[PDB]
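Enquirer: sequence plus experimental coordinates follow:
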Amino acid sequence: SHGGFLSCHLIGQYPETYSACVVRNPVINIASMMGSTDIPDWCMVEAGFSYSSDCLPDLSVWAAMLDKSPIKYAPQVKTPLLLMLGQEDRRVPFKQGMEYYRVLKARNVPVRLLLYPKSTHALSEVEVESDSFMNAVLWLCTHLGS
Amino acid sequence: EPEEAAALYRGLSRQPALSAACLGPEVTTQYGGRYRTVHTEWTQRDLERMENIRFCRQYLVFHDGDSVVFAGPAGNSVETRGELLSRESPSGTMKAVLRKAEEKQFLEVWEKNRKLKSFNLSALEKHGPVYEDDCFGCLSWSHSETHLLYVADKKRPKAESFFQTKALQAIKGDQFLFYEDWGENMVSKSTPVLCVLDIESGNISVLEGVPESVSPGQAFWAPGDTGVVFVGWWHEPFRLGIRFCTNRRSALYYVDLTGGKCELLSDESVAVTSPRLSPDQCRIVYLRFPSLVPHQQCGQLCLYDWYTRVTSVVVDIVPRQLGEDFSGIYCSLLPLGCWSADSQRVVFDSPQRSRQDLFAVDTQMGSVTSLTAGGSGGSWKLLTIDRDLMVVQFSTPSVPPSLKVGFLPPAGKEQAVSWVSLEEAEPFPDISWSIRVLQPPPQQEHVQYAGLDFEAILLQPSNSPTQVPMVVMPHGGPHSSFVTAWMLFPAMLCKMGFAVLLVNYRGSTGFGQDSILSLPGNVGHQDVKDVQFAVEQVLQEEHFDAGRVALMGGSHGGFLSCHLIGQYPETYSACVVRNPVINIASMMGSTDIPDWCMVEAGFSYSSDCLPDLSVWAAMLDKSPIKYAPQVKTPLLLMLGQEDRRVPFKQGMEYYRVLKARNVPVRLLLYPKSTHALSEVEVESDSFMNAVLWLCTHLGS
Amino acid sequence: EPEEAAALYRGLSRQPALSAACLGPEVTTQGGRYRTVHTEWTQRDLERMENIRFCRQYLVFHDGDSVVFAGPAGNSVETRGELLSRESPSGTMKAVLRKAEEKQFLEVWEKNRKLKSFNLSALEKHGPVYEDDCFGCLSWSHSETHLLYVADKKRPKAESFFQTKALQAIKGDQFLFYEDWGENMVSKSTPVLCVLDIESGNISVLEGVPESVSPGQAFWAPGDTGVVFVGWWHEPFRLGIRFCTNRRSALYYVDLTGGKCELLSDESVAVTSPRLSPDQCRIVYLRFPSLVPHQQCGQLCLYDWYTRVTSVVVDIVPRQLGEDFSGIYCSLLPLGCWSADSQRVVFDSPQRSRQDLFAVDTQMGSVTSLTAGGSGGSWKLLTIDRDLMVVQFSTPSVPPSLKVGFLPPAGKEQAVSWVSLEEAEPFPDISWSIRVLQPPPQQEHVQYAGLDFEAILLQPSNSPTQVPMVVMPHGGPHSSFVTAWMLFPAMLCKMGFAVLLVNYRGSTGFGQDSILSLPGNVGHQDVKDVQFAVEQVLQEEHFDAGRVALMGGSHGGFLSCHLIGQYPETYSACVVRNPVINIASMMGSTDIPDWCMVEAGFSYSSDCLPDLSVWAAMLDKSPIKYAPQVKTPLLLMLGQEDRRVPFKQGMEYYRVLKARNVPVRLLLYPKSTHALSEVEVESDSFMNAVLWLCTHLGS
Amino acid sequence: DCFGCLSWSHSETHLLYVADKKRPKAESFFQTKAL
Amino acid sequence: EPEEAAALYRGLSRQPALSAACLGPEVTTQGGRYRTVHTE
């Protein structure tokens, strides 16, 4: 999630350092995630603005949010990526990872997407947790080695 | 009273609606004279179990040459259940029905009074579920009546988990992969394929030769049963919604049964649709759209000669108005039977201003003749034509749909057509409807296109009392129109004492190509002023209370209503919207048609698009959430969870803003509903809630 | 090979069967006239393993006295959910009842739309609606403003003693015993008559029915002043009415306002099927004078509504009346039987081994046969309305067909012209014949002398000296084999077998004297009759006497057990379904205990107690006595959920045979009744039987 | 964890917990009644 | 009254019934020893 956030920055700004990446429910666009989320005050505080009940869009606020999003460095990514998302997520919508996947796919870079029809932010089910861990292990073993 | 309105809604909802009609084989008698049978399918709403029921009816037509001597019923209505597809043989002896009865799908062949064959498609394990939608689904008979052709979902490899236990060829870890679907109302419809079934031996074959980057649909057998001609839709780099959009890349392909590469029968740079074969199996006619910017526009009628392999244009784009009765082709789908007996004329229908008429075009020399001109109005619709016998339906705002048959006269006398009724409908004599033409003032006139005007439809009670409340509603689209057809809700509102206004602003279909290309770029400040001008002009007529005006909308109508109540707070006293668009900027990321917002905002859409700060500024300027603080009108909201076109978070943001502003609002949320809100229970609930909301704030 | 047999069965089971037919309203043109015929068909579908029902419609052009043209007017439309259906007398509206947990809805249709729909479950006025033929009905009022039907009576709510309630049901009566009517009538204890008002939707249950009777087959009285119904006595006990006509019944008439009912017939006998005249002045019904046999000759009784006089039209035929009539053996009259003149009644009944159509004049009391002559065949009257008759025809070589005709005036009814509507493709490799057999004087009955019987023989037409034969006697024991279309005898004749159908003494269609002969001495007379028939058939030098098998069911299984017990070396194989093995043990557990007493020769009474002589006679009649001498292969097929004949009889027979080390194969179907009518179990049983016969005899 | 609890009284005669609030019953306009 | 009988039956049925019992392994301490009994 938020670590995935950091991950989406790390391959964006330092393309040649890392050889693989695995993220779960990342944050891609802060500006879009503001409207469809259960904690809108997380966006303002992290971006540097003060949250209030009466809040309306502003061009400066939108510019600040779009400056810090990891989707800005998307065209420079060249690392293989594995995405894992769940539909029934209220903390972070699954459309952020979908937008990142679309942008990367349009650039012809390897990427693998997994989508769980009934899963929350935690992905805390015995079947899905084991499946995701096995997929991550196989991906890391394949792209790096034994 | 709520009980009075519930009884009124129950009475108006029992009118059946016609779905399809077909003509049977011709039978001659020993004494003399011939007759035919017409099979019609109707649908109705039943509130006792809250379901849509479908039934079939038969009619009998006695004709002597080129005139209809007699017409009557031939039985009772028979209710059917669980029938997906049906197609009668070209000769008429056999009928193929695809039905569902966990659930499984069966393909059945009927001849006379017995069922010859039945095939279980699930057990044979050759493909997936069969497509039954209009855009892809089809069921075609071979010219020898020995094979069947349909479209089915492609089969996916089996999958399993890493920890599955086996008793002592499925790939492991791939059971949660992502497969893209086509969008709204097309869930889990990733990739279709063409399947051919042999009636004699019951063998299913999946054709090979379709390009790997296209999806096939609307396939039909080539002349001589040598191959299959289909329409391929491009699905790379990713798919876009096709529910109400005709601007998706397409091409015409012809493939062989043996295999090999597929040929191209049309240009691949534009969109084509609806290929129809001539009864003499020598020519093909189809619809071609020259641009991909708008989601609805004028089309062209293209002709392809099979043996000569030369393509020509029959009907071309109409800029403003060609003649006094024709304005262009705005129908995406041609009727299943359109060719005449001579195989030289094509019969179709398309809106013309606020009407809908039937047109016939000569293929040898492009000339369009209107079959139904003059009169007060009405909306005709063609259902089928076979051996110069046309079956049509007719309705107005005052009468429910009817049924009629007629004979197409020879060339040069097509204006004189005699219609014989088959099933009349009882009219409502207390509803009056009229058409008013409106000219925009010079200040709000487009620079590129000048002289354009629009119009509206006014529904008022005949029993005139000095104070009549009004309800104003603009259409969705934004490339769509109101024709003078039968609409349930405007009829119900006019029976409670209201007067209804239906505005067709600039940008609607049926007025020419120049009206289509005017709304792109400038959305949110041109049509709003047009609607306001219409409302202001109508109020000059007496017996209209200016203090009681309500507003109704949906989707793009919700967009217009949000803009109207944000810009003119004091005019309207109540507003009802369904699934509105509130923030264009946020809707860009989460939607199945991302090109719509870009095109409407004035920016060209391209793949691999990147956000730009200039683009976001323009999008936020046209959104109706900008005028949210200065809103003081009671509002009713209606939303659905399972909506792929317009997410339900937009209405929630608007609701939160208005709630923080301490403004009386009401929110109704349907846990399982798409953009249509078409389920009987939810539709009745929403209509009843809207009626009870409008009566309280305005009056009885 | 099993594949060939499966393919042949799949081919033969593709023939649809006709269920009902009705005539629509008359339409005139500017000056020919025509009308429509609506027919209901049913068929077996092995892919879904279900019986499918569909509707078809035909079109008839007539000049008034003759049929000019007739042809189809559409395609076949499959329906699902309809239980009852009835068209208005004028033909405008139609009333349907359908099920869709599941609930029942009553729908009223007009033209191309559904006028009304009522949810009978929600009103909570009665229970489920009766859809059977015994009690079920659906009648329109003459004014076409009310509807009448029969529904289960409502029971008080029940509750347990330990029930928790949030901070009018009796506690402890949720497990009481309610007596049902018997086989195929589970949870059908007591019905009531319900009237529905279409205009307002009210439902009212009539009052005035006697508390000791069950009403059924009700129809509106002339003038819509009341309801005329048939009451069945259900005290002290309830006896099964399935395939039984010897049940006490009476005709009653009750007003709508609510009052004491009246009697329109004698209460000491059985009556059935009241039918009202088109001019609403006369009623005809079937009367059975005795309650000893379960099937017998009836008589036609006429009642005049205004003069209140009862008379007899058709009387009981002892042996034979004329040469074409032998009495009335049909329990149910057709829904439309009266002619336009309201002076003649048309019905169908079996005569010897063939079924024919008869017209009877109400005044003169003379019976005329419309379909006399010819080689054979079975006719069945589906409907008559305004002198237009829709009938069905079939033989052992052809599947059922459909025909229409006009009833000619009085005195010229022999010349009837039939116009075909839907022909059926014949099978030209099947030959069928009728052979008349006279019993020898040694086994001739004492009271009745000169009685003979006859059999039906099916053989391949193409003659190739070694042809296996299969013998099957009918059930009943008061039932008959007619020359109609039967699926299994046709299947057997296509595999090289020759089938013999035996109608022994005691079967219907031969007179009242033949029926009364079998009571009192069942077990030795019919066995000897069947054996004599088999020997006489085998006398000809065309069949192989070494290879003879047999089939049976219910009473046929009883006869087959007796035959293999008494003549062990004659037959090489045997297939039996739901047999009767021990009458004495059957007495305790059965829904028709009077059958055992009547067949054994003792009068049945409600106050019945065991006696040693009665049990000794019952054990003497039973075939279990001859079990130790059986040496033939045997196949048993039983249904666990059977009320008519418990499967413990077949189990005891199986155990006795198993202890003796004789080959035997047993199949038990857990959820099937006495009929074994489900598609899956029926196909499985037929395939098992044909494979067993092929294995133990040959190809 | 945030809302849920189960508490014993000191006298050990009463129990305290937290439960969802009850909402009024609702129905549709076209509902048939057992009259 | 039915209520009194129902209450008395509810009171009398509260008594449990012993289905099974078994003995566990022996444990010694630094110097008594003990063991456990598991009852169903």
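Expert: Perfect, I can see it now. Numbers count the residues shown, from 1 in each chain, chains lettered A, B, ... in the order given.
Enquirer: what about the residue in chain A that chain B sits nearest to, distance to residue B:615?
Expert: Using Cβ to the nearest Cβ, the single residue of chain A nearest to chain B is residue A:106, 3.8 Å away. Backbone N, C-alpha and C define where each C-beta goes, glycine included. Shown here: residue A:106 relative to residue B:615, a distance of 17 Å by Cβ to Cβ, to the nearest Å.
Enquirer: repeat that for residue A:15.
Expert: Using Cβ to Cβ, we find residue A:15 at a distance of 26 Å from residue B:615.
Enquirer: show me where chain A has strands.
Expert: A:21-24, A:81-86, A:111-116 (DSSP state E).
Enquirer: circling back: and the residue of chain A closest to chain B, what does it touch?
Expert: B:237, B:607-608 (Cβ atoms under 8 Å, 6 or more residues apart in numbering or on different chains).
Enquirer: find the nearest non-adjacent residue to the residue nearest to the spatial centre of chain A, please.
Expert: By Cα atoms, centre = their mean, chain A has its centre lying nearest to residue A:26, at 2.1 Å. Leaving aside its chain neighbours, residue A:26 sits nearest to residue A:4 (3.4 Å; criterion: Cβ to Cβ, 6 or more residues apart in numbering or on different chains).
Enquirer: pretty sure the one you found contacts residue A:24?
Expert: Yes - if you go by Cβ atoms under 8 Å, residue A:4 and residue A:24 touch, sitting 6.0 Å apart.
Enquirer: scan chain A for its longest helix.
Expert: In chain A, with assignment by DSSP state H, the single longest helix is helix A:126-143.
Enquirer: how many neighbouring residues does the residue nearest to residue A:104 when sequence neighbours are not counted have?
Expert: Spatial nearest neighbour of residue A:104, excluding adjacent residues (Cβ to Cβ, 6+ apart): residue A:111 at 5.0 Å. Other residues near residue A:111 come to 18 when the count uses other Cβ atoms under 10 Å in any protein chain shown.
Enquirer: the one 5 residues further on now?
Expert: A count of neighbours around residue A:116, defined by other Cβ under 10 Å, yields 21.
Enquirer: tell me the bridge partners for it.
Expert: residue A:86 (DSSP bridges).
Enquirer: can you name the farthest residue from the center of chain A?
Expert: residue A:54 (28.2 Å).
Enquirer: how much space separates the closest residue to it other than its chain neighbours from chain C?
Expert: Leaving out its chain neighbours, the residue that sits closest to residue A:54 by Cβ to Cβ, 6+ apart is residue B:660, at 5.7 Å. Applying Cβ to the nearest Cβ, to the nearest Å, the value for residue B:660 to chain C is 39 Å.
Enquirer: and the helices in chain A?
Expert: So, for chain A - with DSSP H - the helices run A:2-13, A:30-35, A:41-47, A:59-68, A:95-106, A:126-143.
Enquirer: of these, which stretch is the most buried?
Expert: Ranked by average neighbour count under the criterion mean count of other Cβ atoms under 10 Å in any protein chain shown, these are headed by helix A:30-35 at a mean of 24.
Enquirer: ok and the longest helix of chain A relative to strand A:81-86, angle-wise?
Expert: 170 degrees (axes from the mean of the first three to the mean of the last three Cα atoms, to 10 degrees).
Enquirer: so which other helices or strands are in contact with helix A:126-143?
Expert: Helix A:126-143 sits against strand A:21-24, strand A:81-86, strand A:111-116, with contacts defined as 3 or more Cβ pairs under 8 Å, 6 or more residues apart in numbering or on different chains; DSSP states H and E.
Enquirer: and it, how far out from the chain middle?
Expert: Distance of helix A:126-143 from the chain centroid (Cα atoms, centre = their mean, to the nearest Å) equals 18 Å.
Enquirer: same question, stretch A:43-57
Expert: 21 Å.
Enquirer: start and end of that stretch, how far apart?
Expert: Start-to-end span of stretch A:43-57 (Cα to Cα, to the nearest Å) is 13 Å.
Enquirer: wait, the residue nearest to residue A:104 touches residue A:84, no?
Expert: No - with contact defined as Cβ under 8 Å, residue A:111 does not reach residue A:84; the gap is 11.9 Å.
Enquirer: mutual contacts of these two, please.
Expert: Counting by Cβ under 8 Å, 6+ apart, nothing touches both residue A:111 and residue A:84.
Enquirer: what residues sit buried inside stretch A:75-86?
Expert: Residues of stretch A:75-86 classed as buried by neighbour count (16 or more other Cβ atoms under 10 Å in any protein chain shown): A:77, A:79-86.
Enquirer: re earlier: show me what contacts the residue nearest to residue A:26?
Expert: A:23-27.
Enquirer: buried subset of the residues you listed as a ChimeraX selection?
Expert: With 16+ other Cβ under 10 Å as the criterion, this ChimeraX line picks the buried residues out of the contacts of residue A:4:
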select /A:23,24,25,26,27
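Enquirer: in the contacts of residue A:4, find the pair that's most separated.
Expert: Largest separation among the contacts of residue A:4 by Cβ to Cβ: A:24 and A:27, giving 11.3 Å.
Enquirer: which neighbours do the two have in common?
Expert: Common neighbours of residue A:24 and residue A:27 (Cβ under 8 Å, 6+ apart) are A:1, A:4.
Enquirer: pull the CA atoms of stretch A:98-113 into PDB?
Expert: Taking C-alpha atoms only, stretch A:98-113 is exported to PDB below (Å, rounded to 0.1, in the frame of the first residue of the first chain):
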ATOM      1  CA  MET A  98      -5.500  -0.100 -13.000                       C
ATOM      2  CA  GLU A  99      -4.500   3.300 -14.200                       C
ATOM      3  CA  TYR A 100      -0.800   2.500 -13.500                       C
ATOM      4  CA  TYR A 101      -1.200  -0.800 -15.300                       C
ATOM      5  CA  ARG A 102      -2.700   0.900 -18.300                       C
ATOM      6  CA  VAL A 103       0.000   3.500 -18.500                       C
ATOM      7  CA  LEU A 104       2.800   0.800 -18.200                       C
ATOM      8  CA  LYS A 105       1.100  -1.500 -20.700                       C
ATOM      9  CA  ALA A 106       0.900   1.300 -23.300                       C
ATOM     10  CA  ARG A 107       4.700   1.600 -23.000                       C
ATOM     11  CA  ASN A 108       5.400  -2.100 -23.700                       C
ATOM     12  CA  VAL A 109       7.000  -3.000 -20.400                       C
ATOM     13  CA  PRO A 110       6.500  -6.400 -18.700                       C
ATOM     14  CA  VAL A 111       3.800  -6.400 -16.000                       C
ATOM     15  CA  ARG A 112       1.500  -9.000 -14.400                       C
ATOM     16  CA  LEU A 113      -1.800  -8.100 -12.700                       C
END
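Enquirer: thanks again, I'm all set now.
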